[PDB]
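Note: the block below is model05.pdb and it holds PDB, C-alpha atoms.
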ATOM      1  CA  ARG Y   1     -26.136 -69.513  -2.945
ATOM      2  CA  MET Y   2     -25.361 -65.965  -3.982
ATOM      3  CA  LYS Y   3     -22.671 -65.983  -1.234
ATOM      4  CA  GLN Y   4     -21.406 -69.257  -2.825
ATOM      5  CA  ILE Y   5     -21.482 -67.829  -6.348
ATOM      6  CA  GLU Y   6     -19.499 -64.939  -4.860
ATOM      7  CA  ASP Y   7     -16.808 -67.056  -3.190
ATOM      8  CA  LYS Y   8     -16.360 -69.005  -6.481
ATOM      9  CA  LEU Y   9     -16.067 -65.725  -8.504
ATOM     10  CA  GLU Y  10     -13.322 -64.630  -6.242
ATOM     11  CA  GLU Y  11     -11.628 -67.974  -6.278
ATOM     12  CA  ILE Y  12     -11.710 -67.926 -10.070
ATOM     13  CA  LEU Y  13     -10.198 -64.419  -9.986
ATOM     14  CA  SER Y  14      -7.531 -65.538  -7.623
ATOM     15  CA  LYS Y  15      -6.453 -68.451  -9.718
ATOM     16  CA  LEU Y  16      -6.424 -66.203 -12.718
ATOM     17  CA  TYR Y  17      -3.930 -63.845 -10.982
ATOM     18  CA  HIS Y  18      -1.876 -66.893 -10.097
ATOM     19  CA  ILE Y  19      -1.873 -68.029 -13.641
ATOM     20  CA  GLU Y  20      -0.954 -64.689 -15.032
ATOM     21  CA  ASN Y  21       1.919 -64.542 -12.659
ATOM     22  CA  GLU Y  22       3.150 -68.012 -13.576
ATOM     23  CA  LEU Y  23       3.059 -67.123 -17.292
ATOM     24  CA  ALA Y  24       4.745 -63.845 -16.488
ATOM     25  CA  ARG Y  25       7.564 -65.634 -14.742
ATOM     26  CA  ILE Y  26       7.925 -68.014 -17.721
ATOM     27  CA  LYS Y  27       7.988 -65.245 -20.094
ATOM     28  CA  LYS Y  28      10.623 -63.432 -18.141
ATOM     29  CA  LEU Y  29      12.753 -66.601 -17.801
ATOM     30  CA  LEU Y  30      12.620 -67.184 -21.488
ATOM     31  CA  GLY Y  31      13.333 -63.548 -22.332
ATOM     32  CA  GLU Y  32      16.521 -63.640 -20.377
ATOM     33  CA  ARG Y  33      17.434 -66.899 -22.016
TER      34      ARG Y  33
ATOM     35  CA  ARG E   1     -30.947 -70.116 -12.443
ATOM     36  CA  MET E   2     -28.516 -69.277  -9.663
ATOM     37  CA  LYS E   3     -27.571 -72.911  -9.260
ATOM     38  CA  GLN E   4     -27.073 -73.223 -13.028
ATOM     39  CA  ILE E   5     -24.625 -70.216 -12.804
ATOM     40  CA  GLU E   6     -22.923 -71.804  -9.706
ATOM     41  CA  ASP E   7     -22.716 -74.944 -11.778
ATOM     42  CA  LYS E   8     -20.945 -73.154 -14.614
ATOM     43  CA  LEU E   9     -18.646 -71.607 -12.067
ATOM     44  CA  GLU E  10     -17.605 -74.991 -10.786
ATOM     45  CA  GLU E  11     -16.830 -76.138 -14.310
ATOM     46  CA  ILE E  12     -14.792 -73.026 -14.971
ATOM     47  CA  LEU E  13     -12.761 -73.556 -11.807
ATOM     48  CA  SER E  14     -11.978 -77.057 -12.882
ATOM     49  CA  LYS E  15     -10.542 -75.783 -16.091
ATOM     50  CA  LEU E  16      -8.298 -73.485 -14.167
ATOM     51  CA  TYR E  17      -6.978 -76.374 -12.071
ATOM     52  CA  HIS E  18      -6.267 -78.215 -15.304
ATOM     53  CA  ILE E  19      -4.424 -75.243 -16.565
ATOM     54  CA  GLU E  20      -2.364 -75.101 -13.396
ATOM     55  CA  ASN E  21      -1.381 -78.716 -14.063
ATOM     56  CA  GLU E  22      -0.321 -77.910 -17.590
ATOM     57  CA  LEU E  23       1.794 -75.030 -16.134
ATOM     58  CA  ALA E  24       3.451 -77.298 -13.647
ATOM     59  CA  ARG E  25       4.501 -79.648 -16.445
ATOM     60  CA  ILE E  26       5.718 -76.793 -18.570
ATOM     61  CA  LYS E  27       7.740 -75.158 -15.780
ATOM     62  CA  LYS E  28       9.470 -78.609 -15.171
ATOM     63  CA  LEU E  29      10.221 -78.885 -18.887
ATOM     64  CA  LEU E  30      11.832 -75.479 -18.754
ATOM     65  CA  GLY E  31      14.027 -76.444 -15.761
ATOM     66  CA  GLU E  32      12.421 -73.813 -13.426
TER      67      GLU E  32
ATOM     68  CA  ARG O   1     -29.247 -60.048 -18.237
ATOM     69  CA  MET O   2     -29.381 -63.732 -17.414
ATOM     70  CA  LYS O   3     -29.002 -64.363 -21.189
ATOM     71  CA  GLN O   4     -25.961 -62.001 -21.037
ATOM     72  CA  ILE O   5     -24.502 -63.722 -17.977
ATOM     73  CA  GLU O   6     -24.974 -66.932 -19.970
ATOM     74  CA  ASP O   7     -23.203 -65.759 -23.133
ATOM     75  CA  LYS O   8     -20.260 -64.528 -20.976
ATOM     76  CA  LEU O   9     -20.077 -67.909 -19.113
ATOM     77  CA  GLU O  10     -19.785 -69.647 -22.390
ATOM     78  CA  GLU O  11     -17.305 -67.186 -23.750
ATOM     79  CA  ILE O  12     -15.189 -67.664 -20.638
ATOM     80  CA  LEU O  13     -15.419 -71.443 -21.151
ATOM     81  CA  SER O  14     -14.431 -71.098 -24.737
ATOM     82  CA  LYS O  15     -11.368 -69.062 -24.027
ATOM     83  CA  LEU O  16     -10.435 -71.513 -21.349
ATOM     84  CA  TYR O  17     -10.483 -74.389 -23.903
ATOM     85  CA  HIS O  18      -8.382 -72.220 -26.178
ATOM     86  CA  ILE O  19      -5.915 -71.607 -23.460
ATOM     87  CA  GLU O  20      -5.663 -75.195 -22.460
ATOM     88  CA  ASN O  21      -4.993 -76.092 -26.018
ATOM     89  CA  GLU O  22      -2.296 -73.453 -26.415
ATOM     90  CA  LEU O  23      -0.539 -74.695 -23.256
ATOM     91  CA  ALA O  24      -0.974 -78.238 -24.478
ATOM     92  CA  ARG O  25       0.726 -77.406 -27.736
ATOM     93  CA  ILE O  26       3.583 -75.707 -25.833
ATOM     94  CA  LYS O  27       3.988 -78.575 -23.617
ATOM     95  CA  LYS O  28       4.116 -80.972 -26.495
ATOM     96  CA  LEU O  29       6.632 -78.787 -28.388
ATOM     97  CA  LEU O  30       8.881 -78.652 -25.409
ATOM     98  CA  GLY O  31       8.558 -82.370 -24.695
ATOM     99  CA  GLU O  32       9.785 -83.213 -28.127
ATOM    100  CA  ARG O  33      12.592 -80.742 -27.732
TER     101      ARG O  33
ATOM    102  CA  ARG Q   1     -27.041 -58.894  -7.867
ATOM    103  CA  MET Q   2     -27.184 -60.217 -11.412
ATOM    104  CA  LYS Q   3     -25.397 -57.161 -12.729
ATOM    105  CA  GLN Q   4     -22.741 -57.517 -10.016
ATOM    106  CA  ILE Q   5     -22.187 -61.160 -11.245
ATOM    107  CA  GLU Q   6     -22.156 -59.939 -14.922
ATOM    108  CA  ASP Q   7     -19.657 -57.372 -13.755
ATOM    109  CA  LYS Q   8     -17.381 -60.018 -12.273
ATOM    110  CA  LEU Q   9     -17.745 -61.974 -15.467
ATOM    111  CA  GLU Q  10     -16.487 -59.077 -17.516
ATOM    112  CA  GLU Q  11     -13.465 -58.734 -15.262
ATOM    113  CA  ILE Q  12     -12.736 -62.432 -15.528
ATOM    114  CA  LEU Q  13     -12.891 -62.299 -19.319
ATOM    115  CA  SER Q  14     -10.417 -59.487 -19.333
ATOM    116  CA  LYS Q  15      -7.980 -61.581 -17.419
ATOM    117  CA  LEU Q  16      -8.298 -64.286 -19.987
ATOM    118  CA  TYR Q  17      -7.490 -61.848 -22.795
ATOM    119  CA  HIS Q  18      -4.428 -60.806 -20.824
ATOM    120  CA  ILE Q  19      -3.443 -64.377 -20.510
ATOM    121  CA  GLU Q  20      -3.826 -64.873 -24.239
ATOM    122  CA  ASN Q  21      -1.400 -61.980 -24.712
ATOM    123  CA  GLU Q  22       1.117 -63.543 -22.382
ATOM    124  CA  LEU Q  23       0.763 -66.796 -24.427
ATOM    125  CA  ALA Q  24       1.363 -65.006 -27.669
ATOM    126  CA  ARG Q  25       4.607 -63.564 -26.307
ATOM    127  CA  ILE Q  26       5.678 -66.904 -24.947
ATOM    128  CA  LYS Q  27       4.941 -68.810 -28.166
ATOM    129  CA  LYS Q  28       7.113 -66.186 -30.081
ATOM    130  CA  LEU Q  29       9.910 -66.661 -27.552
ATOM    131  CA  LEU Q  30       9.762 -70.377 -28.174
ATOM    132  CA  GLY Q  31       9.984 -69.923 -31.976
ATOM    133  CA  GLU Q  32       6.500 -71.477 -32.608
TER     134      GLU Q  32
END
Kindly present the structure from the file in C-alpha coordinates form.
Amino acid sequence: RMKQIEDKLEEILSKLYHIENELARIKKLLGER
Amino acid sequence: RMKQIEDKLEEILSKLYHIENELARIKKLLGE
Amino acid sequence: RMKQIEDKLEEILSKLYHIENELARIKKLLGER
Amino acid sequence: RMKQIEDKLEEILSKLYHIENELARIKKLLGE
(Lines of atoms letter the chains of each structure in order from A and count residues from 1; the text may use other names and numbers.)
(Lines give C-alpha, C1' and ligand atoms only; values in the text may rest on other atoms or scores of the structure.)
Protein backbone atom coordinates (compact mmCIF):
# COMPACT_ATOMS: atom_id res chain seq x y z
CA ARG A 1 0.00 0.00 0.00
CA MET A 2 2.77 2.38 0.95
CA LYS A 3 4.78 0.86 -1.95
CA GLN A 4 1.69 1.55 -4.15
CA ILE A 5 1.31 5.11 -2.86
CA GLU A 6 5.01 5.46 -3.71
CA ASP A 7 4.77 4.16 -7.29
CA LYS A 8 1.80 6.53 -7.90
CA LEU A 9 3.76 9.53 -6.46
CA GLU A 10 6.51 8.83 -8.86
CA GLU A 11 4.18 8.28 -11.75
CA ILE A 12 2.52 11.60 -10.98
CA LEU A 13 5.97 13.23 -10.90
CA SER A 14 6.87 11.65 -14.17
CA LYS A 15 3.81 12.85 -15.96
CA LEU A 16 4.39 16.27 -14.53
CA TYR A 17 7.90 16.38 -16.10
CA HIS A 18 6.33 15.24 -19.34
CA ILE A 19 3.80 17.97 -19.18
CA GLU A 20 6.28 20.64 -18.38
CA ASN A 21 8.32 19.56 -21.31
CA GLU A 22 5.36 19.58 -23.68
CA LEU A 23 4.43 23.12 -22.57
CA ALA A 24 8.06 24.10 -22.87
CA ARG A 25 8.17 22.89 -26.44
CA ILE A 26 4.95 24.81 -27.21
CA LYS A 27 6.26 27.87 -25.71
CA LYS A 28 9.45 27.65 -27.67
CA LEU A 29 7.56 26.97 -30.93
CA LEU A 30 5.39 29.97 -30.40
CA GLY A 31 8.30 32.19 -29.39
CA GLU A 32 10.05 31.50 -32.63
CA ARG A 33 6.85 32.13 -34.49
CA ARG B 1 -6.16 6.54 5.74
CA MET B 2 -3.49 5.19 3.42
CA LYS B 3 -6.10 3.91 1.01
CA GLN B 4 -7.88 7.28 1.10
CA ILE B 5 -4.51 8.92 0.11
CA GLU B 6 -3.97 6.22 -2.61
CA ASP B 7 -7.47 7.04 -3.72
CA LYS B 8 -6.69 10.73 -4.07
CA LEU B 9 -3.56 9.79 -5.94
CA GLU B 10 -5.54 7.85 -8.49
CA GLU B 11 -7.84 10.81 -9.02
CA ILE B 12 -4.89 13.13 -9.45
CA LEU B 13 -3.32 10.84 -12.05
CA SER B 14 -6.52 10.85 -13.99
CA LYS B 15 -6.44 14.58 -14.18
CA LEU B 16 -2.97 14.43 -15.59
CA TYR B 17 -4.08 12.03 -18.33
CA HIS B 18 -6.86 14.48 -19.15
CA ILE B 19 -4.35 17.22 -19.35
CA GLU B 20 -2.21 15.16 -21.69
CA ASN B 21 -5.26 14.84 -23.94
CA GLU B 22 -5.83 18.57 -23.93
CA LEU B 23 -2.11 18.98 -24.90
CA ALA B 24 -2.43 16.56 -27.75
CA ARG B 25 -5.34 18.57 -29.16
CA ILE B 26 -3.50 21.82 -28.70
CA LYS B 27 -0.28 20.60 -30.33
CA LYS B 28 -2.40 19.45 -33.40
CA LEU B 29 -4.06 22.87 -33.53
CA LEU B 30 -0.64 24.46 -33.59
CA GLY B 31 0.53 22.23 -36.48
CA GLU B 32 3.31 20.54 -34.38
CA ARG C 1 0.29 15.65 9.39
CA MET C 2 -2.50 13.62 7.85
CA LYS C 3 -4.59 16.84 7.92
CA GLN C 4 -1.62 18.53 6.15
CA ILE C 5 -1.28 15.74 3.59
CA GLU C 6 -5.01 16.23 3.05
CA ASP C 7 -4.89 20.00 2.51
CA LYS C 8 -2.01 19.50 0.00
CA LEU C 9 -3.99 16.77 -1.89
CA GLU C 10 -6.82 19.15 -2.28
CA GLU C 11 -4.60 22.01 -3.24
CA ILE C 12 -2.99 19.82 -5.88
CA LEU C 13 -6.48 18.90 -7.14
CA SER C 14 -7.48 22.49 -7.25
CA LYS C 15 -4.52 23.59 -9.27
CA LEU C 16 -5.13 20.70 -11.59
CA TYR C 17 -8.70 21.94 -12.28
CA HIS C 18 -7.25 25.39 -12.86
CA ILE C 19 -4.78 24.03 -15.30
CA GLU C 20 -7.30 22.00 -17.17
CA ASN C 21 -9.43 25.04 -17.51
CA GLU C 22 -6.57 27.19 -18.77
CA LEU C 23 -5.69 24.58 -21.41
CA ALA C 24 -9.35 24.29 -22.26
CA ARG C 25 -9.58 28.00 -22.86
CA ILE C 26 -6.45 27.86 -25.05
CA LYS C 27 -7.76 25.07 -26.99
CA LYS C 28 -11.03 26.82 -27.58
CA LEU C 29 -9.26 30.06 -28.59
CA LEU C 30 -7.15 28.24 -31.08
CA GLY C 31 -10.07 26.23 -32.44
CA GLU C 32 -11.94 29.37 -33.28
CA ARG C 33 -8.83 30.80 -34.84
CA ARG D 1 6.52 7.66 6.05
CA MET D 2 3.79 10.28 6.26
CA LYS D 3 6.32 13.08 6.16
CA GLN D 4 8.02 11.45 3.15
CA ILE D 5 4.56 11.47 1.38
CA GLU D 6 3.98 15.13 2.51
CA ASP D 7 7.41 15.81 1.12
CA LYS D 8 6.52 14.36 -2.27
CA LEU D 9 3.34 16.38 -2.18
CA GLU D 10 5.26 19.59 -1.75
CA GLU D 11 7.45 18.73 -4.71
CA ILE D 12 4.43 17.94 -6.83
CA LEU D 13 2.82 21.26 -5.97
CA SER D 14 5.93 23.06 -7.02
CA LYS D 15 5.74 21.47 -10.40
CA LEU D 16 2.22 22.69 -10.77
CA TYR D 17 3.28 26.26 -9.99
CA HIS D 18 5.95 25.91 -12.65
CA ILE D 19 3.37 24.73 -15.06
CA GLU D 20 1.19 27.71 -14.26
CA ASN D 21 4.15 29.93 -15.15
CA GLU D 22 4.62 28.18 -18.46
CA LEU D 23 0.86 28.74 -19.12
CA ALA D 24 1.11 32.41 -18.34
CA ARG D 25 3.91 32.78 -20.89
CA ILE D 26 2.01 30.80 -23.46
CA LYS D 27 -1.25 32.73 -23.02
CA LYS D 28 0.78 36.03 -23.54
CA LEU D 29 2.34 34.57 -26.68
CA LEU D 30 -1.12 33.80 -27.97
CA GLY D 31 -2.36 37.37 -27.31
CA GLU D 32 -5.00 36.23 -24.72
Quiz item: Got a sec to pull out which chain E residues are within 9 Å of chain O, counting all atoms listed in the file, and send them as a PyMOL selection string?
Solution: chain E and resi 1+5+8-9+11-12+15-16+18-19+22-23+25-26+29-30
Once chain Y is fitted onto chain O by least squares over all its in-order Cα atoms, send the moved chain as an mmCIF file with C-alpha atoms, keeping the file's coordinate frame.
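Writing the result to out-v6.cif gives the following:
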data_model
loop_
_atom_site.group_PDB
_atom_site.id
_atom_site.type_symbol
_atom_site.label_atom_id
_atom_site.label_comp_id
_atom_site.auth_asym_id
_atom_site.auth_seq_id
_atom_site.Cartn_x
_atom_site.Cartn_y
_atom_site.Cartn_z
ATOM 1 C CA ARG Y 1 -29.247 -60.048 -18.237
ATOM 2 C CA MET Y 2 -29.381 -63.732 -17.414
ATOM 3 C CA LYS Y 3 -29.002 -64.363 -21.188
ATOM 4 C CA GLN Y 4 -25.961 -62.001 -21.038
ATOM 5 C CA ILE Y 5 -24.502 -63.722 -17.977
ATOM 6 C CA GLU Y 6 -24.975 -66.931 -19.970
ATOM 7 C CA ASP Y 7 -23.204 -65.759 -23.133
ATOM 8 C CA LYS Y 8 -20.260 -64.528 -20.976
ATOM 9 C CA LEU Y 9 -20.077 -67.909 -19.112
ATOM 10 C CA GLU Y 10 -19.785 -69.647 -22.390
ATOM 11 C CA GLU Y 11 -17.305 -67.186 -23.750
ATOM 12 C CA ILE Y 12 -15.189 -67.665 -20.638
ATOM 13 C CA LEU Y 13 -15.419 -71.443 -21.151
ATOM 14 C CA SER Y 14 -14.432 -71.098 -24.737
ATOM 15 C CA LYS Y 15 -11.368 -69.061 -24.027
ATOM 16 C CA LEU Y 16 -10.435 -71.513 -21.349
ATOM 17 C CA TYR Y 17 -10.483 -74.389 -23.903
ATOM 18 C CA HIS Y 18 -8.382 -72.220 -26.177
ATOM 19 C CA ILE Y 19 -5.914 -71.607 -23.460
ATOM 20 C CA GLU Y 20 -5.662 -75.195 -22.460
ATOM 21 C CA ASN Y 21 -4.994 -76.092 -26.018
ATOM 22 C CA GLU Y 22 -2.296 -73.453 -26.415
ATOM 23 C CA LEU Y 23 -0.539 -74.695 -23.256
ATOM 24 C CA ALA Y 24 -0.974 -78.238 -24.479
ATOM 25 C CA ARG Y 25 0.726 -77.406 -27.736
ATOM 26 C CA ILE Y 26 3.583 -75.707 -25.833
ATOM 27 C CA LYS Y 27 3.988 -78.575 -23.617
ATOM 28 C CA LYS Y 28 4.116 -80.973 -26.494
ATOM 29 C CA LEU Y 29 6.632 -78.787 -28.388
ATOM 30 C CA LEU Y 30 8.881 -78.652 -25.409
ATOM 31 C CA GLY Y 31 8.558 -82.371 -24.695
ATOM 32 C CA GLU Y 32 9.786 -83.213 -28.127
ATOM 33 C CA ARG Y 33 12.592 -80.742 -27.732
#
Quiz item: What does the distance from CA of residue 6 (chain E) to CA of residue 18 (chain Y) come to in Å, to one decimal?
Solution: 21.6 Å
Practice problem: Name the residues within 6 Å of (8.3, -74.4, -30.8), counting all atoms listed in the file in the file's coordinates, and put them as a PyMOL selection string. | Solution: (chain O and resi 29) or (chain Q and resi 30-32)
Could those selected residues go to a file with C-alpha atoms, as a JSON list (two decimals), keeping the file's coordinate frame?
[["chain", "number", "residue", "atom", "x", "y", "z"],
["O", 29, "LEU", "CA", 6.63, -78.79, -28.39],
["Q", 30, "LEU", "CA", 9.76, -70.38, -28.17],
["Q", 31, "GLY", "CA", 9.98, -69.92, -31.98],
["Q", 32, "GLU", "CA", 6.50, -71.48, -32.61]]
Quiz item: So how far away is CA of residue 22 (chain Y) from CA of residue 13 (chain Q), in Å?
Solution: 18.0 Å
Practice problem: Have a look at CA of residue 20 (chain Q) and CA of residue 15 (chain O) and let me know their distance in Å, one decimal. | Solution: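 Separation of CA of residue 20 (chain Q) and CA of residue 15 (chain O): 8.6 Å.
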